Amino acid sequence: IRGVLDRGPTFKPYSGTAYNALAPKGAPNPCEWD
Amino acid sequence: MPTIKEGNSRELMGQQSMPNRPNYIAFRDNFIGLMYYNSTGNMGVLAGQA
Amino acid sequence: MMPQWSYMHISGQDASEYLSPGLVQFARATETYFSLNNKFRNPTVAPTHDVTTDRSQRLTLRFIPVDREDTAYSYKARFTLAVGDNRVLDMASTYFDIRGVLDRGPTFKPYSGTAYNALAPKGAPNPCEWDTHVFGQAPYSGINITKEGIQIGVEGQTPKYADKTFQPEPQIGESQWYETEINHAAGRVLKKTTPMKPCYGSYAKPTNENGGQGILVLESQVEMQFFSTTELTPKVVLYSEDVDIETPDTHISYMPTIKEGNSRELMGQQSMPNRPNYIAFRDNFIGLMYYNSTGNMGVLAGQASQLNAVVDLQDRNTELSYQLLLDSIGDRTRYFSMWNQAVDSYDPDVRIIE
Amino acid sequence: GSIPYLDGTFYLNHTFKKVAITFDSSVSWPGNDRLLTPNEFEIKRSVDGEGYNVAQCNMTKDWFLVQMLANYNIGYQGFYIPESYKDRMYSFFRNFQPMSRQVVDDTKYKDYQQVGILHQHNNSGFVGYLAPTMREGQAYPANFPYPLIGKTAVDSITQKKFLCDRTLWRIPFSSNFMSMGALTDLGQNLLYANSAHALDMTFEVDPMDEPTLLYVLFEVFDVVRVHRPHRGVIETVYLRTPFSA
Amino acid sequence: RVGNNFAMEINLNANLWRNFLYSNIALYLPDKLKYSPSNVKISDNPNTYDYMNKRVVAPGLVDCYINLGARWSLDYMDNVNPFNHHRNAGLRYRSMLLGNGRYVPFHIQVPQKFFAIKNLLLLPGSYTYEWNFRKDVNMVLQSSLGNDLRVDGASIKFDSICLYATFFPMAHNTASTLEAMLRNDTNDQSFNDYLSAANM
Amino acid sequence: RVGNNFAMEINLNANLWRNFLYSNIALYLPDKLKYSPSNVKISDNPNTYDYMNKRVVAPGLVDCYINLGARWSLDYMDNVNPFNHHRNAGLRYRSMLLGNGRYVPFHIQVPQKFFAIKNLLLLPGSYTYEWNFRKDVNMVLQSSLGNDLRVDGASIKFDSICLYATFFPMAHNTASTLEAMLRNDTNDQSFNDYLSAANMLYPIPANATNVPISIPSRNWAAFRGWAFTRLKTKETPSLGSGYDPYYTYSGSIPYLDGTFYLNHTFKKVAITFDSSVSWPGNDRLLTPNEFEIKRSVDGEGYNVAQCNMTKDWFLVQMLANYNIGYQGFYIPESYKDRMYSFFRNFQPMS
Amino acid sequence: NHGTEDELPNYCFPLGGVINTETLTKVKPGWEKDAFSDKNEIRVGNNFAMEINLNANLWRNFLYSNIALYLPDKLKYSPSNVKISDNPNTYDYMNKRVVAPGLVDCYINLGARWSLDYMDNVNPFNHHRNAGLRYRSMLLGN
Amino acid sequence: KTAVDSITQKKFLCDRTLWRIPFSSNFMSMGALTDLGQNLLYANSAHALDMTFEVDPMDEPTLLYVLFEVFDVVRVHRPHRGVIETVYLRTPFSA
C-alpha cells in the first residue's frame, strides 16, 4: 500500500524544544514596550 | 502567564516557557486495525471464480 | 461428539496417519526446502481415566503445630504430617508458612541521599537566631505591615492578616524573576532556642493540618519580630518559632566548634547524607532453618516407626549445596519472591574500575 | 492509544477479587472441596485473610497454584521459576510483580497531621510552588514526608499488592488444572456430552470511577477443513465447538 | 583574590532524578489530580492534545522523596494504561520508521492474519481475493498520549494498493503430482485459530 | 547589557563520574584508610553503623583521575567483600520486598533443603515432622554494611508457623497401585546431596603464609577430588552450637551463600600421599611437584591469558570445569558456563 | 534523537542559601527601635539563582564527543594561531583540526532515527566507543 | 611525550567460584565415580594425606575452606504404612 499521511499538528516526536534549549526558561528575548 | 492583558508590557518579561508534551503517532504493531476482521459488514473474500 | 471431532481433527489420528502414504512420503522428502507440516492439524487428547479422582479431595492441606517451643535463640515447631490413604505427597511441594514481626532497627536506610531539602546547598543554614542576631529570609510580599503582622488581603473593607500558625508559608515567594522591590515582606525564622542545623536534611513534624511546625504548649508560641532598615514603619516581619527539628537521615560532615549552643560559628557547619544500609532476609532464606547442627537436628519419622529418618552431620553444608543446585538447574539471575530467591551480586563496574 | 482488546496490552488484571462458577444454578465448579475456599476462586485477599496469601503479596495460595499449573503445569511437585522458553512475553510469571511498602499509621501515631500538597514544603525556596516553574520561597526544615526509618520512625502500617500486565487470567477446564492435551479430560466427560447445561459466573472486582468491561474468552475449538476438488474450486467447512455459530 | 573563589552549589543527581520523575510519572497522572493554568486559553475537549498539554500538575505529587526506599507503583497509576507513554519503545520505533515529520508519504506491506487462509497452500485456478481497509485515524493510527486524532487533524489517504505473491519455482512434474495428492479429500488441509475462543 | 552575559562554568560529566567513585568505592574502602571526624561524637564499636557512617574518607583516594585509562580493581578492595554493598541488586530487592520501613509484619514461605527429604515421595501414613528455626538477627537478617544487628537494635519475633502440603488429586486405584510398587525394597528411593562433600575449615593466622593440613591414614576409595577457597573468620559464624556469642557481623556469608571472593590469594598447593608420594606426580605438570596457581614476574614465561595465572592451573581449571584443554582452548558453551563457574568469573587485569 | 526531558528547570544556589541580604534593625510598637543587635542580615525576596539545562547539556556533550569530532575532515577547519602538523594521517592533525558543534547539535534531525549521511561512509569501528578495541587496549595496561 | 618510566602489574579476580582439583587421571570428568576413585591402590589399603597451601598474607584471621568431594547418599525404604527407614552412606569420610 502507498498513500499519504498527515499526523496533524499534535505530533511531536521528542521531548524538550528545538530552539534555544540552553536558555533559562524565564529569560526573555531582547525586547521593547510602552 | 503574569497578566491576562494583551500587548507587550514590563509584566510579560516574567513569563516562563515549557516544552510541549511528547506525542508519538504511528501505525500500530503489526498494522493492527488497517484491515477489517470479525466484522460481518465488511467481510473479506476468497473464492474460486469457478 | 465423535463424528465432527474426527472429521475436523479435534480428535482421532495424526496427519501421518490420516493423510495418504504418498503425501506423507513427499512431505518428509521436501521438508527441508518446502514445508507442508503447518497445513494439517494433529490433535492432542487428554486421558480420561486413571489420572484424577472423581471423589471430594483437597489439593492443599494446612497443618497446625501440635507443639511449639519459642526459646531464647531458637524456635521449635512440631507437626503431624498426615498422608491419607490413596494419596502420595511430593515433599518438594511442602513448606513452612511463617508470620511474625520484624524491626530492622534504626540503622536501616533503604536509600542514598536525604528525603529532606535535597536541593539545598549542603552548607546553607536554616533561617536562625543566636546570641541576639538574626539571619533569615522574607520571601512573602504582602499589602502592608502593622502591629497585627503581615496583611495578606482584605475581606471586604477589613484587613485580613496572616495566621501566625502557618503563614506565611516558606514555600511561597514572588513569581517573576526580576526584582520588583518588596516593601512589606514576611517570612519564618527559628528562635534561638531551636538548635541550628544545615537546611539539607532538616525535618520537623507539622503541628497543624496547614503544615505549621511550631511547638504547642495547648497554644501556639509564634512571636512576630519586626525589622526596619538602618535609617519609621517596619519593612519586614518575621514569624519566629520553635520546631521539633531533627535530622533523621543525615549527619554533620563539618563541625566548626565543639562548644554547645547556637553561635555564628555553627552557621558554617555542613550536612551529609547517611550511608545507605539495606536490611533483609537472606537469599533463599538462608539461616532461618537449622541444618548440619546436631544440637538442633530436624525430625521426620513415622509415628509408627519412631525412628528419625533425618540424620545430619555438622560436616555437611546444606545451604551451600542448595545454592549450587539452583545454579545448575536454572537461571539464577531471575527473581522469585516466594522463596526470597534473589541472588547476591555486585555491580561489575564497582568491583573492577574501568 | 493502545487497544488491549486487539493488541494484548492488558494492564487491569490486578483489579479482580474473586470468581464463582456454577453449572445448572446449583452445582459449584470445580467443587469437590479442591480449593482452600472451595466455593469460589479467590484471586486476592485483604489483610483479614493474610494466612491464605503467598509470594509476599496479596495473592492467594489457591490462585497462585492454579495460574502456575495452567501456564506451566507447575504446582504439585514444588514451586520454582519456569523455563524461559515456556515463560513467554504474555505469560503469568514473567509479568507477576509482588509489591510492598509502609506508610504512617494515621490512627496509631499520636502526632499525626494530615497535610496536602497545598501545605507541604520540602526544598522550599529551591523549587516552584505547585508548578514546574521558577524557584520561590525560603529555605526551611521540611514538614513532609514522615520518617519511616531511624530512631524516630513513625508508627506504620504495611500495604501489599501486585501487578500482572499483558497477560490473561486462566481457569482451564481440566480435572487437575494441568495441560494434558488440547481436548481436555472434562471436555470429553459424558456429563458434558450427553446433556445441555446452563452456566452462571459471578466476578467481584475493585471499583473504578469509569465504565469498564469484563472480557471473557470461552476457550473452544475454532477449526476449518479446506477442500479443493477441482481447478479454481475452494470449499470450506467451519466448526466452532462449543459455541457453534 | 583573598579567600576561596566564588562558587554556586547544585545537587546534580537529585535534579536528574527529579526531572525523570516529573517527565515520566507526574505528567501522566490522572487528570483529576491536575488543574487548569491561569491566564492561559485551554481547550474544552479533554480528549484534545491542547488539553492534555496545558493542564498543569504539581511536581510535589511525585517528587524525589516519593515512597523513598521502596519498589512501588503509585496507586494512582496502577489503573492508567502504561503503554500510552513516550517511553514505549515499540511505538517510538514505528513512529520513527515513518520519519520525524508531520507530512509522510508511506509505503507498507500488510499481512493476511485470518487463520483459515493465512497458511493455506492454494492450488491452480483463478480466485477472487477481496478485502476491506479502514480509514478511521483512531483505528489505523496510534499516539502515545491517546488524544482524539479525528479532532486533532490527523489524516490519511490511500493512493494505490497491490497484491504480491511469491511462488517456489517448483519442478512442474513435482508440482503436478503434489496437486493431484492435495485434491483428494483425504488430504484436505485444516487450520485452527491460535486464540481458539468465543469473545464476550 | 554590553558584552556577553554573566555565566558560571561546571564540568558536569567529571562531577557525575566523581560522585559515582566516592559513593561506590571510596566509602567502602578499608577502615585503616579512614580517620575519625573532629568535634563529632563517634561510637567506640567498629561493628557499629554509627561508626561506619561517621568515619571520614578523603575523596582524593579514589578521584576521577585514579588509574586513568585502565581496567583495574583497587588492590585495597580486592580483599573486601564485594557483596556487602548498596548496589547488590539481590539484597536490595529482598529489602524492598519487605517494604521501605523499619517496622515490618512479615509473611513468608520457607522451603525444605535437606537432600534426604526435599524430593522424597511420601507414602500413606502419619509422620512427625519437626524443625528448628533461628532467631539470631545476624543469621536470619542481612545488611549491606554488615554492621552488628544485635547491637544496632534489629529485632524479630515469630507469631505463627504452619505447614502446607499440596497433593496431586491422583485417581485412587492408580495411587493405590503406585503405593504397592514403591513399598518394595527393589523400588526404594535414593538421593545424594548436590554438593557431595565433607566440609573442613582450617585457621590461617593473620599474616600467616604457609598452611599445612594433615589427614590421618584412612580409606580413599570413591574419592572424587578437592575444592577450596578462603574465608574471613569475621564473616564465618560458628556452626554446630545453636548460638555464636562472638558473631558480630551481618553481611554475606560466603560459606553458606557462595559469595566467594578470595580465590585470587592462593599461591600454590602441594598434595602428598603417605608422606612421600607426590600426586598427581608422573611428571605431568610444568612444575611437577605442586600445583602453582600464580607466579610473580620471575616466572612470567609459565603464565597465560595475559595475567599472573600459570599455564598449568589454567589448564586444570578448564578441564575440571568443561573438559576443555587437550584439543584447544576456547570459550565454553553458555549452558556449561554457569554463575559459579570458572571462566564466567575469570577476570585478568593489568 | 528523541530530545531531552528538561521540563523542570535546574538551578544552582549560593553556598549560604542566600547572598544579597540587607542590614535591618529590630523594631517594637508607631514604632520604636530595639536593643537584639541593630545589624541583622535578612534577605528580602527569593534567593540568588542561576539556571542550567542539565539534560540538554549532557545530550549535547554526547553528540559532540561521539559524532561531531569523528566527522569527515572536509567539514573541519584549522585553528588560528596554533601550530598544526602537515600530515593528515597524524594524531596531532586529527586532534587539532576544529569542528563546529552546530553541525551535530542537540536539535539535529529531531524526532528521527537517522544516521548522518556524512558518517554513513565513515568507518564506524575506528571510534573510542569500540568496546572490543578498548578492552584489548586495557588488557595491556593504561 | 613525557611519559614516566613505568613498571607493569598483572593480577586477576575470580569471584563466586571454587578452585577444583579432581581426582581423575586426566583431570577430566568421565563419570561421578572417577577412575582413580576405583583404583585398587586406593581400595585395597589405607593412606594418609598431606596438603600444603601457600597463600597471600592478610592482616586478619581467615580460614582455608576445603571440600573433600565424596558420595553423600541415602536410600529410603517404606515397607509399611507410617514407616520410614533410611540408610545413609558417605564415602570416603564415613560418619
# chains A, B, ... in the order shown; residues from 1 in each chain; ligands from 1
call {"tool": "residues_around", "arguments": {"residues": "stretch 41-47 of chain B", "least_positions_apart": "5", "cutoff": "12 Å", "atoms": "only C-alpha atoms", "output": "ChimeraX atom specification"}}
result
/B:35-36 /D:226,228,231-236 /E:112-114,116-118,120,122,125-134
call {"tool": "interface_residues", "arguments": {"of": "chain D", "to": "chain F", "cutoff": "8 Å", "atoms": "only C-alpha atoms", "output": "PyMOL selection string"}}
result
chain D and resi 50+54-56+75-76+98-103+148-150+153+155-156+158+176
call {"tool": "closest_atom_pairs", "arguments": {"of": "chain D", "to": "chain G", "cutoff": "8 Å", "atoms": "only C-alpha atoms", "output": "Markdown table"}}
result
| residue | atom | partner | partner_atom | distance |
| --- | --- | --- | --- | --- |
| D:125 | CA | G:46 | CA | 7.0 |
| D:126 | CA | G:11 | CA | 7.9 |
| D:132 | CA | G:8 | CA | 5.5 |
| D:133 | CA | G:9 | CA | 7.2 |
| D:134 | CA | G:9 | CA | 7.3 |
| D:135 | CA | G:46 | CA | 7.7 |
| D:136 | CA | G:46 | CA | 5.6 |
| D:137 | CA | G:46 | CA | 6.1 |
| D:138 | CA | G:46 | CA | 6.8 |
| D:139 | CA | G:17 | CA | 7.1 |
call {"tool": "residues_around", "arguments": {"residues": "residue E:110", "least_positions_apart": "3", "cutoff": "9 Å", "atoms": "only C-alpha atoms", "output": "list in words"}}
result
residues 1 of chain A; 30, 31, 34 and 35 of chain B
call {"tool": "closest_residue", "arguments": {"among": "H:94, H:24, H:6, H:44", "to": "chain C", "atoms": "only C-alpha atoms"}}
result
H:94
call {"tool": "select_by_dssp", "arguments": {"residues": "chain G", "states": "alpha helix (DSSP H)", "output": "JSON, numbers by chain"}}
result
{"G": [54, 55, 56, 57, 58, 59, 60, 61, 62, 63, 64, 65, 66, 91, 92, 93, 94, 95, 96, 117, 118, 119, 120, 131, 132, 133, 134, 135, 136, 137, 138, 139, 140]}
call {"tool": "write_last_selection", "arguments": {"atoms": "N, CA and C atoms", "output": "compact mmCIF listing (two decimals), in the first residue's frame"}}
result
# COMPACT_ATOMS: atom_id res chain seq x y z
N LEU G 54 20.42 20.85 32.43
CA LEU G 54 21.26 19.67 32.60
C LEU G 54 21.13 18.67 31.47
N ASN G 55 19.93 18.15 31.26
CA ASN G 55 19.70 17.17 30.23
C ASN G 55 20.11 17.59 28.82
N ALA G 56 19.89 18.85 28.46
CA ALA G 56 20.27 19.34 27.13
C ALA G 56 21.79 19.34 26.99
N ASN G 57 22.48 19.73 28.05
CA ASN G 57 23.94 19.76 28.05
C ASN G 57 24.51 18.36 27.86
N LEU G 58 24.04 17.41 28.68
CA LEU G 58 24.53 16.04 28.60
C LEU G 58 24.33 15.45 27.21
N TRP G 59 23.17 15.73 26.62
CA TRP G 59 22.86 15.24 25.28
C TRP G 59 23.87 15.82 24.29
N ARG G 60 24.08 17.13 24.40
CA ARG G 60 24.99 17.87 23.53
C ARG G 60 26.43 17.36 23.61
N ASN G 61 26.93 17.17 24.83
CA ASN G 61 28.28 16.67 25.05
C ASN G 61 28.46 15.31 24.40
N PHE G 62 27.41 14.49 24.45
CA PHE G 62 27.43 13.16 23.86
C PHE G 62 27.56 13.29 22.34
N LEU G 63 26.79 14.20 21.76
CA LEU G 63 26.80 14.40 20.32
C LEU G 63 28.13 14.92 19.79
N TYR G 64 28.70 15.89 20.49
CA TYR G 64 29.96 16.47 20.05
C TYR G 64 31.12 15.49 20.19
N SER G 65 31.15 14.78 21.32
CA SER G 65 32.22 13.83 21.58
C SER G 65 32.22 12.61 20.67
N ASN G 66 31.04 12.05 20.44
CA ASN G 66 30.94 10.85 19.65
C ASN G 66 30.67 10.97 18.15
N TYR G 91 48.26 12.17 14.38
CA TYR G 91 47.37 12.33 15.51
C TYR G 91 47.23 13.82 15.79
N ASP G 92 48.36 14.52 15.78
CA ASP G 92 48.37 15.95 16.02
C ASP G 92 47.37 16.63 15.09
N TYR G 93 47.35 16.20 13.84
CA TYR G 93 46.43 16.79 12.88
C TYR G 93 44.98 16.49 13.22
N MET G 94 44.68 15.22 13.50
CA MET G 94 43.31 14.82 13.83
C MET G 94 42.86 15.38 15.17
N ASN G 95 43.82 15.77 16.00
CA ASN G 95 43.49 16.29 17.32
C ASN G 95 43.29 17.81 17.38
N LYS G 96 43.91 18.54 16.45
CA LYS G 96 43.81 19.99 16.44
C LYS G 96 42.82 20.56 15.44
N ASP G 117 24.23 11.33 6.90
CA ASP G 117 24.74 10.97 5.58
C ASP G 117 26.26 11.11 5.51
N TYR G 118 26.82 12.06 6.26
CA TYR G 118 28.26 12.27 6.27
C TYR G 118 29.01 11.11 6.90
N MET G 119 28.38 10.46 7.88
CA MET G 119 29.01 9.36 8.60
C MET G 119 28.76 7.97 8.04
N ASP G 120 27.78 7.83 7.15
CA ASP G 120 27.48 6.52 6.58
C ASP G 120 28.73 5.86 6.02
N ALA G 131 34.03 -1.10 22.07
CA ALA G 131 34.28 -1.88 23.27
C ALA G 131 35.37 -2.93 23.11
N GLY G 132 35.37 -3.63 21.98
CA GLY G 132 36.38 -4.65 21.76
C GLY G 132 37.79 -4.08 21.78
N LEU G 133 38.02 -3.02 21.00
CA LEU G 133 39.33 -2.37 20.94
C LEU G 133 39.71 -1.80 22.30
N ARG G 134 38.75 -1.15 22.96
CA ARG G 134 39.00 -0.56 24.26
C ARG G 134 39.48 -1.61 25.27
N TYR G 135 38.85 -2.78 25.25
CA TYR G 135 39.19 -3.88 26.14
C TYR G 135 40.60 -4.43 25.90
N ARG G 136 40.95 -4.65 24.63
CA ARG G 136 42.28 -5.14 24.27
C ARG G 136 43.33 -4.09 24.63
N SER G 137 42.94 -2.83 24.60
CA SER G 137 43.84 -1.75 24.95
C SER G 137 44.11 -1.80 26.46
N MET G 138 43.06 -1.98 27.25
CA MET G 138 43.22 -2.03 28.70
C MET G 138 43.80 -3.36 29.17
N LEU G 139 43.75 -4.37 28.31
CA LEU G 139 44.29 -5.68 28.64
C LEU G 139 45.82 -5.58 28.78
N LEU G 140 46.41 -4.65 28.03
CA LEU G 140 47.86 -4.39 28.04
C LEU G 140 48.25 -3.44 29.17
call {"tool": "closest_atom_pairs", "arguments": {"of": "chain F", "to": "chain A", "cutoff": "12 Å", "atoms": "only C-alpha atoms", "output": "Markdown table"}}
result
| residue | atom | partner | partner_atom | distance |
| --- | --- | --- | --- | --- |
| F:1 | CA | A:30 | CA | 10.0 |
| F:5 | CA | A:23 | CA | 11.4 |
| F:7 | CA | A:24 | CA | 11.7 |
call {"tool": "write_last_selection", "arguments": {"atoms": "N, CA, C and O atoms", "output": "PDB file, in the first residue's frame"}}
result
ATOM      1  N   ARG F   1      22.614  45.355  28.284  1.00  0.00           N
ATOM      2  CA  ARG F   1      23.849  44.729  28.718  1.00  0.00           C
ATOM      3  C   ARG F   1      24.843  44.833  27.569  1.00  0.00           C
ATOM      4  O   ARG F   1      24.518  44.506  26.429  1.00  0.00           O
ATOM      5  N   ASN F   5      26.750  37.688  28.469  1.00  0.00           N
ATOM      6  CA  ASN F   5      26.021  37.608  29.731  1.00  0.00           C
ATOM      7  C   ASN F   5      26.886  37.068  30.859  1.00  0.00           C
ATOM      8  O   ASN F   5      28.024  36.658  30.642  1.00  0.00           O
ATOM      9  N   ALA F   7      28.038  34.328  33.277  1.00  0.00           N
ATOM     10  CA  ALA F   7      27.997  32.871  33.262  1.00  0.00           C
ATOM     11  C   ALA F   7      28.930  32.204  34.271  1.00  0.00           C
ATOM     12  O   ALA F   7      29.981  32.743  34.622  1.00  0.00           O
TER      13      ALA F   7
END
call {"tool": "residues_around", "arguments": {"residues": "residue C:291", "least_positions_apart": "6", "cutoff": "12 Å", "atoms": "only C-alpha atoms", "output": "ChimeraX atom specification"}}
result
/C:297-299,310-322 /F:112-115,131-134,239-242,256
call {"tool": "select_by_dssp", "arguments": {"residues": "chain B", "states": "strand (DSSP E or B)", "output": "list in words"}}
result
residues 23, 25, 26, 27, 35, 45, 46, 47 and 48 of chain B
call {"tool": "atom_distance", "arguments": {"atom1": "atom CA of residue E:84", "atom2": "atom CA of residue E:137"}}
result
16.3 Å
call {"tool": "residues_around", "arguments": {"residues": "residue C:330", "least_positions_apart": "5", "cutoff": "10 Å", "atoms": "only C-alpha atoms", "output": "list in words"}}
result
residues 325 of chain C; 80, 81, 82, 83 and 84 of chain D; 335 and 338 of chain F
call {"tool": "residues_around", "arguments": {"residues": "residue H:16", "least_positions_apart": "5", "cutoff": "6 Å", "atoms": "only C-alpha atoms", "output": "mmCIF file with C-alpha atoms, in the first residue's frame"}}
result
data_model
loop_
_atom_site.group_PDB
_atom_site.id
_atom_site.type_symbol
_atom_site.label_atom_id
_atom_site.label_comp_id
_atom_site.auth_asym_id
_atom_site.auth_seq_id
_atom_site.Cartn_x
_atom_site.Cartn_y
_atom_site.Cartn_z
ATOM 1 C CA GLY F 258 28.515 -18.860 47.753
ATOM 2 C CA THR F 259 29.632 -15.225 47.647
ATOM 3 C CA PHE F 260 33.281 -16.308 47.491
ATOM 4 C CA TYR F 261 35.780 -13.584 46.624
ATOM 5 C CA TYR F 340 29.538 -20.139 39.880
#
call {"tool": "closest_residue", "arguments": {"among": "F:54, F:32, F:87, F:232", "to": "chain H", "atoms": "only C-alpha atoms"}}
result
F:232
call {"tool": "residues_around", "arguments": {"residues": "residue A:27", "least_positions_apart": "5", "cutoff": "12 Å", "atoms": "only C-alpha atoms", "output": "ChimeraX atom specification"}}
result
/A:20-22 /B:12-18 /C:176-178 /D:134 /F:5 /G:9,50-52
call {"tool": "closest_residue", "arguments": {"among": "G:71, G:98, G:112, G:84", "to": "chain B", "atoms": "only C-alpha atoms"}}
result
G:112
call {"tool": "interface_residues", "arguments": {"of": "chain G", "to": "chain A", "cutoff": "6 Å", "atoms": "only C-alpha atoms", "output": "mmCIF file with N, CA and C atoms, in the first residue's frame"}}
result
data_model
loop_
_atom_site.group_PDB
_atom_site.id
_atom_site.type_symbol
_atom_site.label_atom_id
_atom_site.label_comp_id
_atom_site.auth_asym_id
_atom_site.auth_seq_id
_atom_site.Cartn_x
_atom_site.Cartn_y
_atom_site.Cartn_z
ATOM 1 N N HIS G 2 15.416 11.595 20.417
ATOM 2 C CA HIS G 2 14.079 11.737 20.979
ATOM 3 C C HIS G 2 14.039 12.946 21.921
ATOM 4 N N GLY G 3 15.043 13.807 21.774
ATOM 5 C CA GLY G 3 15.119 15.013 22.569
ATOM 6 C C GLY G 3 15.661 14.853 23.970
ATOM 7 N N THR G 4 15.229 15.749 24.855
ATOM 8 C CA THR G 4 15.663 15.752 26.249
ATOM 9 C C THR G 4 14.478 15.988 27.181
ATOM 10 N N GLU G 5 14.515 15.383 28.364
ATOM 11 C CA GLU G 5 13.442 15.565 29.330
ATOM 12 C C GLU G 5 13.871 16.700 30.270
ATOM 13 N N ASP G 6 13.674 17.927 29.788
ATOM 14 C CA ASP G 6 14.038 19.135 30.519
ATOM 15 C C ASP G 6 12.828 19.959 30.962
ATOM 16 N N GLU G 51 20.448 29.408 36.341
ATOM 17 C CA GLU G 51 19.782 28.278 35.709
ATOM 18 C C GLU G 51 20.632 27.580 34.654
ATOM 19 N N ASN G 53 20.345 23.969 31.822
ATOM 20 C CA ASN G 53 19.575 22.841 31.321
ATOM 21 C C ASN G 53 20.487 21.611 31.340
ATOM 22 N N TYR G 107 19.637 19.646 18.292
ATOM 23 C CA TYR G 107 18.401 19.778 17.521
ATOM 24 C C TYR G 107 18.551 19.142 16.142
ATOM 25 N N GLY G 111 13.535 14.055 16.534
ATOM 26 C CA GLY G 111 12.434 13.124 16.377
ATOM 27 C C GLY G 111 12.662 12.017 15.365
#
call {"tool": "atom_distance", "arguments": {"atom1": "atom CA of residue F:123", "atom2": "atom CA of residue D:30"}}
result
26.2 Å
call {"tool": "closest_residue", "arguments": {"among": "E:100, E:13, E:166, E:73", "to": "chain D", "atoms": "only C-alpha atoms"}}
result
E:73
call {"tool": "closest_atom_pairs", "arguments": {"of": "chain C", "to": "chain D", "cutoff": "6 Å", "atoms": "only C-alpha atoms", "output": "tab-separated table"}}
result
residue	atom	partner	partner_atom	distance
C:44	CA	D:181	CA	4.8
C:45	CA	D:181	CA	4.6
C:46	CA	D:181	CA	4.5
C:48	CA	D:185	CA	5.1
C:56	CA	D:32	CA	4.1
C:57	CA	D:34	CA	5.6
C:58	CA	D:34	CA	4.3
C:59	CA	D:34	CA	5.2
C:90	CA	D:77	CA	5.7
C:92	CA	D:78	CA	4.7
C:93	CA	D:78	CA	4.0
C:106	CA	D:150	CA	4.1
C:116	CA	D:142	CA	5.8
C:117	CA	D:123	CA	4.1
C:126	CA	D:140	CA	5.4
C:139	CA	D:137	CA	5.5
C:170	CA	D:137	CA	5.2
C:171	CA	D:137	CA	4.6
C:172	CA	D:137	CA	4.5
C:173	CA	D:137	CA	4.4
C:202	CA	D:141	CA	4.6
C:203	CA	D:141	CA	4.8
C:204	CA	D:143	CA	5.6
C:205	CA	D:143	CA	5.5
C:206	CA	D:143	CA	5.6
C:209	CA	D:115	CA	5.3
C:210	CA	D:119	CA	5.6
C:211	CA	D:119	CA	5.3
C:248	CA	D:150	CA	5.9
C:337	CA	D:55	CA	5.4
C:338	CA	D:55	CA	3.9
call {"tool": "atom_distance", "arguments": {"atom1": "atom CA of residue F:144", "atom2": "atom CA of residue C:122"}}
result
25.5 Å
